[PDB]
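Naming: A, B, ... by sequence-line order, numbering from 1 per chain. As a basis for the values below, the full set of heavy atoms in this structure was taken, side chains included, without hydrogen atoms, waters or symmetry mates.
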Protein chains: 2
Amino acid sequence: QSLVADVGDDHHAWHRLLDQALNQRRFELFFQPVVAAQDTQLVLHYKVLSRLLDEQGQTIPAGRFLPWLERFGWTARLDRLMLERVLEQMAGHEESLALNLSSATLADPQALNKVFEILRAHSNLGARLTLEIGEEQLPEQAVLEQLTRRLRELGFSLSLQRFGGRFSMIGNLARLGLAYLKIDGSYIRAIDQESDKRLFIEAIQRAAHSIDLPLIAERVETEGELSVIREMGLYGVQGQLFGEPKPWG
Amino acid sequence: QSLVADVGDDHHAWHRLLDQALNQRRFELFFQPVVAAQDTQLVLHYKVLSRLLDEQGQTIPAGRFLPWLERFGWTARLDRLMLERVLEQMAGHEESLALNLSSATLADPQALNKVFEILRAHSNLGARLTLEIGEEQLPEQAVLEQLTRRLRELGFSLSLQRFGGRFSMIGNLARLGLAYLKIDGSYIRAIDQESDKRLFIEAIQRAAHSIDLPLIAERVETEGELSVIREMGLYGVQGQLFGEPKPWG
Ligand SMILES: Nc1nc2c(ncn2[C@@H]2O[C@@H]3COP(=O)(O)O[C@H]4[C@@H](O)[C@H](n5cnc6c(=O)[nH]c(N)nc65)O[C@@H]4COP(=O)(O)O[C@H]3[C@H]2O)c(=O)[nH]1
Ligand SMILES: Nc1nc2c(ncn2[C@@H]2O[C@@H]3COP(=O)(O)O[C@H]4[C@@H](O)[C@H](n5cnc6c(=O)[nH]c(N)nc65)O[C@@H]4COP(=O)(O)O[C@H]3[C@H]2O)c(=O)[nH]1
């Protein structure tokens, strides 16, 4: 009596699938450890990744659904849901967490306010949660500035990720008080085996260091990459080398 | 008996206008001094700018026609013409010059060979002429590498310009033996009045210096911008502050 069809690239299927998941809270929290380059047994925080566990049992990665949530203008609904779930699960432990915010939320000032209202409701978790924005969807300088101020006021921290293409604006970061900067994986990929990549990394680390901004390398896959990242003095690392995204533990 | 019409955005007019200019050698050489940031009375070279002097007497800037030469696939014809004219006018003096090469020329291996043939014909000017490529139209790493090798072999030098967005590849420049790197004007614009721009410039200068690659700032307009560029240790400057593009002298 129960049939299933392949959803593929069908906008109808996706629309139905996602509106339902949003309404029914079908999204679950996955985590990846973010860890000190100098001593990988030392955990900085756990990055929270969104997982859709559909009715047929399969888990769907944020990389897969986020573009559809965008297309339908629901990314703000996702953040509201993700943020409330994360603030709830943090009651159970003492670890620090990082969670993305999309531009849809930052642009829409009502949504953005709702976020702050929620945060204000859990000022006791402030020190344990960092919000991240991917370089792809940075708002304007003045929005960055107001966002960081409000968060610092509420007791929470802010960070950027997938950083690198916009090194231009490194100077513009000097007063934001970011917790850290996550460097896109492409700039460290196979860097033990591609030394020409090092000079850029050396430049970012030195400039970021002069403004007190720790660097954390993304998507580290290899003991080789890790050894270079560590050698060159970066603060943190994350990636498949420390495991796949998994549920809490 | 002689009438003229406005050429505007008319592809027909432009096609006719440019094919004629190319065939009849209607392009003239303009120059801008490129000068030491530490001592602006000290001239590094003169950048050669292409000017179309049409029949109605008006002069048309490369910025205006190059996009049409592209559209029609004639940019290689322009380089051949520009390069031969430049090598001819250098016989008259002892100044150093810099001249662009387009991607159309670098891609087409026959054209590229013609260039080398011409260069080989004037090996006596090698030390006085630098070829430049804008960051917009950099070829692949291996083409850059072969191009620089052949030029160094012929006795000529090579440089990149409008550099900045691709700081990623700074490491990839370490063995090219570029004569210098020209920094896009946007990174120094009003930099005495926009200090957040300095940290990026500091990063480029330090990384470029570690690989022996002098930095030269483009499109400097202001005594203020100049004073910062000089303070921060960059090698060279060019722009409207030292005059408009004019014919030889
Ligand atoms: N090739 C490679 N890939 C690796 C490696 N390590 C982790 N990854 C993958 O790349 C992403 C890493 O997490 P992210 O940087 O936070 O990047 C995140 C994050 O920016 C975003 N995202 C995830 N959850 C949320 C969310 O709840 N809200 C918002 N607005 N965005 C989210 O989308 C990305 C997540 O996509 P995911 O499908 O979860 O894909 C994950 C993860 O599975 C590695 O060593 N190599
Ligand atoms: N806002 C501002 N602008 C300034 C300033 N100083 C100079 N400029 C302008 O910007 C360009 C500077 O020369 P360029 O960097 O070599 O940049 C050149 C060069 O890359 C290219 N080009 C010029 N001649 C040739 C040529 O013979 N062959 C090729 N392939 N390209 C050429 O197109 C550009 C020239 O366009 P132009 O129309 O000649 O425009 C010139 C010039 O008039 C300044 O202080 N402020």
Problem set entry | Interface moiety of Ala207(B) toward chain A, non-hydrogen atoms closer than 4.5 Å | both
Exercise. Hey, is CZ on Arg120(A) packed in by over 12 heavy atoms from elsewhere, all under 6.0 Å?
Worked result: no
Exercise. Relative to the ring of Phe167(A), is the ring of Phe200(B) parallel (under 30°), tilted (30 to 60°) or perpendicular (over 60°)?
Worked result: perpendicular
For this session: Count the heavy atoms of every other residue, nucleotide or ligand shown that sit under 6.0 Å from CG of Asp39(B), and state whether that count exceeds 12.
Result: yes
For this session: Side chain from CB out, backbone as N, CA, C, O: work out which of these in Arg175(B) comes under 4.5 Å of a heavy atom of chain A, or both, or neither.
Result: side chain
Seminar exercise, completed: Greatest number of non-hydrogen atom pairs under 4.5 angstrom with chain A, of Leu199(B), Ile211(B), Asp196(B), falls to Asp196(B)
For this session: Let me know if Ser195(B) has heavy atoms under 4.5 Å from chain A in its side chain, its backbone, both or neither.
Result: neither
Problem set entry | Residue part contacting chain A, namely of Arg206(B), when any heavy atom lies under 4.5 Å | side chain
For this session: Please indicate whether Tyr235(B) has more than 12 foreign heavy atoms, meaning atoms of other residues, nucleotides or ligands, lying under 6.0 Å from its OH.
Result: no
Exercise. How long is the span from the NZ atom in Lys197(A) to the CE atom in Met169(B), to the nearest 0.5 Å?
Worked result: 12.5 Å
Problem set entry | Closest-packed option against chain A by number of heavy-atom pairs under 4.5 Å, given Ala174(B), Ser168(B), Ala203(B) | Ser168(B)
